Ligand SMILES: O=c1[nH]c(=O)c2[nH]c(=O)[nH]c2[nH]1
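The chain below stands alone and is given in C-alpha cells; this is the form deposited without the ligand.
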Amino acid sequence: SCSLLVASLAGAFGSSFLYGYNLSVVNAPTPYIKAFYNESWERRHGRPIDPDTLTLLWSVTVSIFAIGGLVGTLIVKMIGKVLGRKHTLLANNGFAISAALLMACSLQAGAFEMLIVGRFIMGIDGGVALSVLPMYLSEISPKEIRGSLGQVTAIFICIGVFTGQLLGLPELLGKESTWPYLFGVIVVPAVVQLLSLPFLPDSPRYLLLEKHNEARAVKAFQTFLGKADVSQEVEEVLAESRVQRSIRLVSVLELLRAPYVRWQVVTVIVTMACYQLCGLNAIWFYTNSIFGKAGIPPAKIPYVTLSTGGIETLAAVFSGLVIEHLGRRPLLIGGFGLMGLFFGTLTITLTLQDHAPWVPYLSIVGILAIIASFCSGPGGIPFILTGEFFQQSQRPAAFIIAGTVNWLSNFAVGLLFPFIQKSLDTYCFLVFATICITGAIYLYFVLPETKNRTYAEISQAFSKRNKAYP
C-alpha cells in the first residue's frame, strides 16, 4: 500500500519528529541564549543577572515545553468531540508555525519573553502530537501492523533527537550569529506535513462512528488498505462500536477512589514518574553541560553529543526485537536496574576524572550504556502497560493519569537538574541512581508478568495485594 507509506512517514515527520527535535535542539545553543538573556536584561532595567536566576530563567525556558505538553494533553479531549484526526493534526500545526516564529524572532525583536512563550506553545504542539498520532495510525492501518507502528512513532522521536543534535554542530547551524535559525527550521516539518496530509483521506474509524459516511468510509478504507474486498473490515468497526457505546465510561476521579484498581493506578504512576525522573530527558536538555563537566576538553563536545542521540536511533530498531523475544516484566526491573548501575559507573567517572586521561572518555561510554538501556527496556513498555492493566471502560481514564505525571515529572527534571548540578557537583547522577534503583525495586515486588496474559489474570495478580476482591 503506497498510500500508507506516505501517510505514516509524513504524519510522523510533522508532529512526532518535532517532539524529538525540540528535546535536543535546546542543548547546543545554550551558551548563546544565556548571553542573550543577560544582554536583553541589561538593555532593560539595568543590573547584571545574578548567577542563580540566569540558570533559573534558562531552566524555565527548557522546562516550560513540558507544561505545554501538560496543557496540550488536556486540549485533545476538547478537540476530539469537534474535529477529526487528520484535521486535528493540520490544526495542531498552527501551534508549530506560531511558536517557531516566536523563538526565531526572539533575538531580532530584542525581547527574551518570546522565547519562553515560544517554548510553551511548541509544547502544546507536542502534547497534541503525541495524543493524536498513536490514535491516527491505528485506525488507518490493519490489525496485524498495529504493533509495529508503535515503533514508528517512537522511531521518528529518536531521529528528531538525532536531527536536533546534528543541526547543533558549529559547522551546520549552531553558531552565535546563526542560532536563531535553529528554531526557525521547525516550520519546515510543519509545512511539509501541511501539504501532503490534507490530500490523504481522513481516519476511517472516526468518520464511521461520528460522521456517518459509510459510502465515504469504503473509499477511505480502500485507499489505505489497497484492497477491494473491505466488507469484513467495516463490519468489525461497527462490531467494536456497539460494545464501545454500551460500556459506561469511568471518570478520572472515580478511578483514583476505586479500591479495586488501587494498586494498578500507583503501578502506572510510579512507573510513569520514574520513566521521566530517570533523567534521560536531562541528558538531552543539558548534554554539553554534562560533557563540559565530565573532564572532556572542548571543541569535540558537539560530536560526542552526536553520539548520545546516535545510539538511540539504532537501538530503537533493536527495541522491538528485545520486546518480542524476552518478556515484559524482566525488562522493567532490568531497564532501571541497568540505569542505576550505569549511573553509579557514571558517578565514579566524574568523581576522580583526573587520575588518567582516559577516565573522562569512560563517562562517554557510561552515558551510551544508559541510553541503550532505555530504548531496549523502558522505552515503550509504560505506554503498553497502561492499556493492559485497565479494561476498555477504564483505559481513557488511565492514560490521562499516565499523561499528567508524564509531563509534571518531565517538568521536574527540566527545572531542577541545573540546580542539583551546582550543589552535588559530580554526584548529581546519584539522585538519578536512587530513582531507577527505587523504580526497579518497586516493580520487582508489585509488577506481575504481563506478556501473553488476559485481563483476568492481570487483575488476579493485583487482587492478592489489593484485598478488594470483586
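Position 1 is the first residue in the sequence shown; the rest follow in order.
Just so you know, the form deposited with the ligand bound exists too; it's not on screen, but the next bit is about it.
Pose source in the entry with it bound; superposed partner the ligand; site open or blocked by backbone or C-beta within 2.4 Å: Answer open: no ligand atom comes within 2.4 Å of backbone or C-beta.
is_contact(residue 312, the ligand) in the entry with it bound, heavy atom dist at most 4.5 Å: Yes, contact at 4.5 Å.
4.5 angstroms heavy atom contact with the ligand in the entry with it bound for residue 379: Contact with the ligand, yes.
Partner contact for residue 19 in the entry with it bound: the ligand, 4.5 angstroms, heavy atom: Contact with the ligand, yes.
is_contact(residue 136, the ligand) in the entry with it bound, heavy atom dist at most 4.5 Å: It does not: once the ligand is placed as it appears in the entry with it bound, residue 136 has no heavy atom within 4.5 Å of it.
Partner-proximal stretch of 326 to 334, 247 to 255, 279 to 287, 185 to 193 relative to the ligand in the entry with it bound, 4.5 angstroms, heavy atom: Of the stretches listed, the one contacting the partner is 279 to 287.
Proximity to the ligand in the entry with it bound, single hit among 346, 158, 96, 261 (heavy atom within 4.5 Å): By the 4.5 Å criterion, the partner-contacting residue is 158.
Contact residue in the entry with it bound, from 76, 375, 362, 89 (heavy atom within 4.5 Å of the ligand): If I apply the 4.5 Å criterion carefully, the residue I get is 375.
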